[PDB]
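Peer 1: Give me a 3D structure for the following:
(chains A, B, C, D, E, F and G, ligands or ions: 1)
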Amino acid sequence: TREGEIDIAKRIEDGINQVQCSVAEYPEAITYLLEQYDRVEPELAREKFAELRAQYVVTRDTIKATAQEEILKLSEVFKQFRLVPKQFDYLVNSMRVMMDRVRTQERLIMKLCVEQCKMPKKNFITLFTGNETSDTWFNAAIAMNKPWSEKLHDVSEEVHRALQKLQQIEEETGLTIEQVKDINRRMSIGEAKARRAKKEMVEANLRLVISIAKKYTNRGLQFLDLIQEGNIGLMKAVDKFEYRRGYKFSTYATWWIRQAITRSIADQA
Amino acid sequence: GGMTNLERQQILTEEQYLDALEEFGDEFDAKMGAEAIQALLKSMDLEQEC
Amino acid sequence: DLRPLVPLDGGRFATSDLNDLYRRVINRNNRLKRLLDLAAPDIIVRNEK
Amino acid sequence: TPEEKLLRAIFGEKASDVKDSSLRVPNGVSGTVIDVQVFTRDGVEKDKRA
Amino acid sequence: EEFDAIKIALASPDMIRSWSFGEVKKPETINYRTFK
RNA sequence: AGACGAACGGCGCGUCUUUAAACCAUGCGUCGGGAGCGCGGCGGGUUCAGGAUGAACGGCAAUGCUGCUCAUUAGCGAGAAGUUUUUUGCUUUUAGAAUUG
DNA sequence: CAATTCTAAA
Ligand SMILES: [Mg+2]
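Peer 2: Numbers count the residues shown, from 1 in each chain, chains lettered A, B, ... in the order given. Sure, the structure comes next:
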């Protein structure tokens, strides 16, 4: 089923492209990237990094319009770099930690709406969504004096300073919380298809891994140990899987499976 | 569930889960097993609901 | 002592059943510990749990 | 000792030791033995009393 | 110890660690050469 | 005939022969330490530093050392032998029949 | 429903 794996690979490339684009769209991710590059501190790499610096300064000088086409051409000129596993994972980790903080802010704010006043979900979704920073939810909610709009002054003040803490975190980020949630939605979208990719890979590849593992049945080691050890070996083999090979799938598994089973029987048997 | 039209109690099995995952990775907090139910019990508050 | 295992002759025993049950539970818990050590994939830990 | 009970479960060869479980009259029962009656399974050496 | 009433309730994990004296690790029981 | 087997000893027993090893792995089997406090301290852990090991440590702690003073066990029932040793010890439940008050 | 026999199935 070469279609599944080739789709998974190209779409993983798409997902990492999208999150890198969001990083280019996000200030402090770029500050972290340049900080760690300076800490690590090839002429092609050096001139590419000089181009990155020039791009960063010109884009941050031109925040005011053409910045959309500007970040588009930043996206196409920023994708020439191959992503190291550790570095990419760490940058993704930091920016998802930002995402977790923003999620915590979201969490805190809608506890201040949902249960304390038994807010209807549909009405809150329709009304609150869209602005997130205005009086459209602070003292416009009291405006219509609907049955869920009289016991909000008692909580509007904690909503208040919670959201000023939220805007403090906003200037900590730099681009308005609407924009931040949009880009976070974009990266989460790409990551969602990435997880679907690995999901499809494992679910379709279950049959292949059990089929290759079934070759051994009289080792004396449990059929269970066979399957999980073979599976883990095949997964770490697939983690850098190449579709360019003309060889079939089982060819790219026998040695890893064999060594994993050998270690298993040697250790616990 | 958060601001994603998700209900705290609705149960969605594997294939609807795949669909929802594609709809949303975040704000659909996919937890499974005892841990899931355990976490849920922590969220619920008694006296207000009481 | 509440679940004694009489040594009557070798491995065979006159015992309360619980030795077996504890043995099984400890085995499976150790196995799950191994999985979480090795970062195996989802469905395997699904079967484990 | 060790290596013996293991051998005991493996094949088993016990020392020719002796224990006695004769039939004693249950206590508080006087008597006067008026008859004895012996049964032997076919194909065994008999006894003088038989 | 000469008590006067029994209270029953659920056992918090801290209590479960309070009662015991140390974690139990291996499924093995005895030496099987000795009975130690 | 002696040696070693987590500290000492007795005995058991594995191996070796003037040597302390080896085997094994909560590093073998089994009995014993009239006394409590004191002295230091085998053994075994903690902290630190060194870069694969050195130092310090006292909760505790062995073989020992100078001292102060609190006084001597045992399941049950059968059985054996000579105040002393020694053997043994239950498939009980589930029903059914007859008979008591 | 307290024993007292005997039998039979694990
Ligand atoms: Mg009467």
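Peer 1: The residue positioned nearest the centre of chain E and chain C, how far apart?
Peer 2: What sits nearest the mean C-alpha location of chain E, by C-alpha atoms, centre = their mean, is residue E:20, with 4.2 Å. According to C-beta to the nearest C-beta, to the nearest Å, residue E:20 stands 14 Å off from chain C. Every C-beta, even on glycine, is put in place using the N, C-alpha and C of the backbone.
Peer 1: Same question for residue A:168.
Peer 2: 37 Å.
Peer 1: Over to residue A:230?
Peer 2: Taken as C-beta to the nearest C-beta, the span from residue A:230 to chain C is 11 Å.
Peer 1: Leaving out sequence neighbours, find the closest residue to that residue.
Peer 2: Distance criterion C-beta to C-beta, 6 or more residues apart in numbering or on different chains; nearest residue to residue A:230, sequence neighbours excluded, is residue A:213 at 4.1 Å.
Peer 1: Please tell me how far the residue in chain E positioned nearest to chain D sits from residue E:26.
Peer 2: Nearest residue of chain E to chain D: residue E:33, at 4.1 Å (C-beta to the nearest C-beta). For residue E:33, the distance to residue E:26 equals 17 Å [C-beta to C-beta, to the nearest Å].
Peer 1: In chain E, what residue lies closest to chain B?
Peer 2: Nearest residue of chain E to chain B: residue E:13, at 11.7 Å (C-beta to the nearest C-beta).
Peer 1: check contacts around residue A:178.
Peer 2: A:131-133 (C-beta atoms under 8 Å, 6 or more residues apart in numbering or on different chains).
Peer 1: try it again with 10 Å
Peer 2: Applying C-beta atoms under 10 Å, 6 or more residues apart in numbering or on different chains to residue A:178 gives the contacts A:130-133, A:170.
Peer 1: out of those residues, who's near RNA strand F?
Peer 2: Checked against RNA strand F using C-beta under 7 Å from any atom of the strand, the contacts of residue A:178 yield no neighbours at all.
Peer 1: Who wins on neighbours among the residues you listed?
Peer 2: Neighbour tally across the contacts of residue A:178 (other C-beta atoms under 10 Å in any protein chain shown): the maximum, 20 neighbours, falls on residue A:170.
Peer 1: Now for it, which secondary structure element holds it?
Peer 2: helix A:153-173 (DSSP states H and E).
Peer 1: cool, and residue A:33?
Peer 2: Short version, using DSSP H and E: residue A:33 is in helix A:27-40.
Peer 1: Just the closest residue of chain B to chain C, please.
Peer 2: Closest approach between chain B and chain C, counting by C-beta to the nearest C-beta: residue B:33, at 5.3 Å.
Peer 1: and the nearest residue to that residue once chain neighbours are set aside, how many neighbours?
Peer 2: Once flanking residues are discounted, residue B:33 sits nearest to residue C:49: 5.3 Å by C-beta to C-beta, 6+ apart. Other residues near residue C:49 number 12, with proximity taken as other C-beta under 10 Å.
Peer 1: for residue A:227, same thing?
Peer 2: 17.
Peer 1: and it, that one's in a strand?
Peer 2: No: applying DSSP: H, G, I helix; E, B strand; the rest coil, one finds residue A:227 to be helix, outside a strand.
Peer 1: Verify the contact between it and residue A:213 for me.
Peer 2: Yes: in this structure, residue A:227 is within contact of residue A:213 by C-beta atoms under 10 Å, at 5.7 Å.
Peer 1: give the contact list for the residue positioned nearest the centre of chain C.
Peer 2: For chain C, the residue nearest the mean C-alpha position is residue C:24 (2.5 Å; C-alpha atoms, centre = their mean). Taking C-beta under 10 Å, 6+ apart, we find residue C:24 in contact with residue E:27.
Peer 1: Same question for it, what's its three-state structure.
Peer 2: Here residue C:24 is recorded as helix under three-state DSSP.
Peer 1: Phi first, then psi, for residue A:150.
Peer 2: Note on residue A:150: backbone dihedrals following degrees, to the nearest 10 are phi -130, psi -20.
Peer 1: now the helices for chain B?
Peer 2: B:14-23, B:33-43, B:46-49 (DSSP state H).
Peer 1: Dump these into CSV; add distance to RNA strand F and mean neighbour count as well.
Peer 2: Shown next, in CSV, are those (distance: least, C-beta to the nearest atom of the strand, whole Å; neighbours: other C-beta atoms under 10 Å in any protein chain shown):
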stretch, distance to RNA strand F, mean neighbour count
helix B:14-23, 45, 13
helix B:33-43, 32, 10
helix B:46-49, 43, 7
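Peer 1: and chain D, which residues reach chain E?
Peer 2: D:1-3, D:5-6 (C-beta under 10 Å from any C-beta of the partner chain).
Peer 1: do you know how far the residue of chain B closest to chain C is from residue C:47?
Peer 2: For residue B:33 relative to residue C:47 (C-beta to C-beta), the value is 12 Å.
Peer 1: Now do residue 10: how many residues are near it, please.
Peer 2: Picked chain A for this. 12.
Peer 1: wait, I meant chain C there
Peer 2: 14.
Peer 1: Now for it: which residues touch it?
Peer 2: With C-beta under 10 Å, 6+ apart, residue C:10 has these contacts: D:5-10, E:32, E:35.
Peer 1: Among those, find me the one that's closest to residue D:25.
Peer 2: Distance to residue D:25 across the contacts of residue C:10 (C-beta to C-beta) is lowest for residue D:8, with 36.1 Å.
Peer 1: The closest one is in what secondary structure piece?
Peer 2: In this structure, residue D:8 sits in helix D:5-10 according to DSSP H and E.
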